[PDB]
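The structure appears below as structure tokens.
Within every chain, numbering begins at 1; the chains are lettered A, B, ... in the order of the sequence lines, protein sequences first and strands thereafter.
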Amino acid sequence: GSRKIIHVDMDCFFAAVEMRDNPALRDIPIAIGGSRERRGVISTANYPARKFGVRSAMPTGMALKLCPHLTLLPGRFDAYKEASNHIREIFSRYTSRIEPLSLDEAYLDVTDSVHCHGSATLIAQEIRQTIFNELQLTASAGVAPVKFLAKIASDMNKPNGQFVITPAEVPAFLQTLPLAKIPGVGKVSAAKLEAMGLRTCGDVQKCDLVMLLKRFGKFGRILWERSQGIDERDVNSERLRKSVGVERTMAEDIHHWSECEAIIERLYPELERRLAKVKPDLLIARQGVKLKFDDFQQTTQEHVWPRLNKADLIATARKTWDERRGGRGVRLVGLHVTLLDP
DNA sequence: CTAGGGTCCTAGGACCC
DNA sequence: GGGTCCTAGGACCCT
Ligand SMILES: [Mg+2]
Ligand SMILES: [Mg+2]
């Protein structure tokens with residue numbers, strides 16, 4: 001009863017696309033991200049930039065201190081979406097059991113596959129080769145009996161490689177696995193776990209489930225399970241979008257309601273255009289707004305509402321402005337919609 | 001020197017039983 | 001008191 005899960009993951013995705021489309025960017029340090037003047041961050045970087053320490057989510061000013069010649073690109077999201085659609089269609093040549101997680105990666109359940117004599121190792125390799133043909137981008141892959149190990153495995157031999165974890169290999173792999181490598185255990189959790197002496201899955205195996213449940217709730221059950229290679233989550237090909245949002249961080253903090261309202265007037269057409277692609281009649285379940293202040297606290301207020309409406313978003317933003325700003329400056333304004341259930 | 005696109009979980013009061 | 005909805009906040013995911 002052992003499944004075969006593939007996780008496929010594009011290498012330096014946004015950057016790989018810009019270098020394919022402009023070969024002049026191949027050997028110099030490049031990064032997709034907002035300028036230092038726009039108070040931006042790095043979305044991703046190529047390997048020449050990463051050598052300097054440039055990483056995703058790094059503030060762009062820090063990226064530039066590490067790497068003064070970093071070439072900064074704004075991003076061509078239709079080009080990334082196009083490559084994304086292409087690799088998903090390549091995935092469909094092998095199975096319909098496809099769960100995309102973002103533009104550039106998916107899980108594949110090839111347990112019941114007929115291709116490559118049932119070899120998941122060879123399927124992953126054929127998919128990676130096919131993506132390099134046809135798109136001229138490289139992908140890495142991970143093969144394992146459950147999702148999270150497959151996703152960990154696709155990181156271990158990148159770029160342009162893969163890694164297979166067999167059931168017999170799972171116990172040795174887990175013993176020294178840092179908890180922070182499990183998808184969904186982030187910096188805050190890893191720090192709480194470290195402070196109680198839990199660094200690796202081997203550390204957590206020596207823990208009582210009941211204690212984990214008390215100290216972490218349902219997360220503690222996930223931790224206990226994952227530390228044993230237990231991950232019964234099925235590959236789900238029927239997930240649907242639940243929200244759509246449009247927000248912007250300004251280059252300077254704003255301090256006047258007129259500035260905030262002016263921001264909303266530019267954001268609203270974008271939100272309407274993106275909703276309409278998926279919901280022509282603009283019918284929704286909730287809509288709402290987001291402010292982030294200069295102390296980086298952020299607040300949202302959203303409410304049941306039947307149909308995208310600009311004035312109500314202005315009105316709600318006005319209240320949030322008056323009622324929870326407390327005289328602080330505002331670095332970000334955002335709009336938001338929750339989509340109807342079906 | 002701190003983005004923009006999202007998902008999922010938690011938690012208190014409202015409302016319903 | 002138990003479901004479920006409503007809303008807010010936050011950890012976390014991707015690039
Ligand atoms: Mg990637
Ligand atoms: Mg990815």
Side-chain angles (χ1 to χ4, degrees), chain A residues 7 9-18 31-46 50 54-64 66 72-77 79-81 83-84 99-106 147-148 151 154-155 180-192 216-222 233 236 239-251 253 267 270-271 274 285-305 316 320 323-324 331-339 341:
Chain A
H7 181 258
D9 197 14
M10 301 301 290
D11 302 312
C12 300
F13 183 45
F14 292 5
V17 165
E18 304 295 348
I32 289 85
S35 76
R36 183 177 37 199
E37 292 70 46
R38 296 269 307 253
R39 305 198 276 187
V41 307
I42 299 302
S43 266
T44 192
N46 67 353
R50 293 174 183 281
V54 177
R55 299 290 185 276
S56 292
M58 181 166 58
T60 299
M62 192 191 315
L64 288 166
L66 293 168
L72 216 55
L73 317 176
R76 297 146 58 231
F77 284 90
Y80 314 146
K81 182 62 155 161
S84 180
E99 179 177 348
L101 308 165
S102 61
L103 289 184
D104 91 320
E105 77 183 62
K147 279 178 163 186
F148 84 100
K151 175 159 170 62
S154 68
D155 258 16
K181 287 223 160 181
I182 300 159
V185 179
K187 312 289 145 296
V188 172
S189 301
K192 287 175 40 54
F216 298 114
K218 180 245 175 78
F219 182 73
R221 179 176 292 280
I222 302 300
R233 297 171 300 149
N236 182 347
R239 302 183 62 197
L240 280 344
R241 161 136 76 158
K242 298 185 179 161
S243 63
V244 2
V246 187
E247 61 207 41
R248 238 63 200 167
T249 287
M250 335 310 311
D253 292 6
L267 259 25
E270 294 301 285
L271 175 59
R274 282 160 46 175
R286 312 160 56 79
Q287 63 169 25
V289 300
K290 172 152 126 192
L291 303 185
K292 189 188 302 169
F293 310 108
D294 54 27
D295 72 346
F296 276 87
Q297 178 186 116
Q298 98 163 17
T299 188
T300 61
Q301 69 179 102
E302 307 160 357
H303 51 247
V304 168
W305 190 271
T316 300
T320 315
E323 283 173 358
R324 337 178 176 175
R331 98 178 337 252
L332 166 158
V333 186
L335 311 181
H336 186 273
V337 145
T338 304
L339 259 27
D341 284 335

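- Here A/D9 lies in heavy-atom contact (under 4.0 Å) with sugar-phosphate atoms only.
- Applying the ring pair (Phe, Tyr, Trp, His ring centres under 6.0 Å) criterion to A/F148, with sequence neighbours excluded, gives no partner residue.
- Regarding A/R55, its CZ atom lies at a distance of 19 Å from the P atom of B/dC1, rounded to whole Å.
- OP1 and OP2 of B/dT2 both lie 4.0 Å or more from every side-chain N or O belonging to A/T60.
- Residue A/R274 places at least one side-chain N or O under 4.0 Å from the OP1 or OP2 atom of B/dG5.
- Proximity of A/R233 to the phosphate of B/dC8: no side-chain N or O atom is located under 4.0 Å from OP1 or OP2.
- Residue contacts shown for A/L101 are absent, as no nucleic acid heavy atom lies under 4.0 Å away.
- Rounded to whole angstrom, the span from the CZ atom of A/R331 across to the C1' atom of B/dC1 amounts to 8 Å.
- Within the 4.0 angstrom heavy-atom criterion, base atoms lie near A/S56.
- Ring-base stacking between A/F296 and B/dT2 is satisfied, the centre separation being under 5.5 Å and the plane angle under 30°.
- OP1 or OP2 of B/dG4 sits under 4.0 Å from a side-chain N or O of A/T249.
- Across all strands shown, A/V188 has heavy atoms under 4.0 Å from sugar-phosphate atoms exclusively, and none from any base.
- Judged by the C1'-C2'-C3'-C4' torsion, which is negative here, the sugar of B/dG4 sits on the south, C2'-endo side.
- Rounded to whole angstrom, the span from the NZ atom of A/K218 across to the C1' atom of C/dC12 amounts to 14 Å.
- Base engagement by A/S43 is indicated by at least one non-hydrogen atom pair under 4.0 Å involving a base atom.
- Using a 4.0 Å heavy-atom distance criterion, A/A57 is classed as a base contact.
- Using a 4.0 Å cut-off, no side-chain N or O of A/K290 falls inside it from OP1 or OP2 of B/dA3.
- The residue A/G245 sits close only to the backbone: its heavy atoms come under 4.0 Å of sugar-phosphate atoms, none of a base.
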task = Report the secondary structure of DNA chain B in dot-bracket form, marking unpaired bases with a dot and bases paired to a different strand with |, and treating Watson-Crick or G-U pairs with both distances under 3.5 Å as paired.
result = ..|||||||||||||||
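- In this model, the phosphate group of B/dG6 is approached by a side-chain N or O of A/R241 to a distance below 4.0 Å at OP1 or OP2.
- For the pair A/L335 CG and B/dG5 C1', the interatomic distance rounds to 14 Å; values are reported in whole Å.
- In this structure, CZ of A/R248 is placed 6 Å from P of B/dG4, rounded to the nearest angstrom.
- Take A/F77 and apply the side-chain contact (heavy atoms from CB on, under 4.5 Å) test, not counting sequence neighbours, and it matches A/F14, A/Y80.
- Sugar conformation, B/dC15: south. The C1'-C2'-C3'-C4' torsion carries a negative sign.
- The phosphate of C/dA8 (OP1 or OP2) has a side-chain N or O of A/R324 nearer than 4.0 angstrom.
- Between the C1' atom of B/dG6 and the CG atom of A/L240 lies a distance of 14 Å, rounded to the nearest Å.
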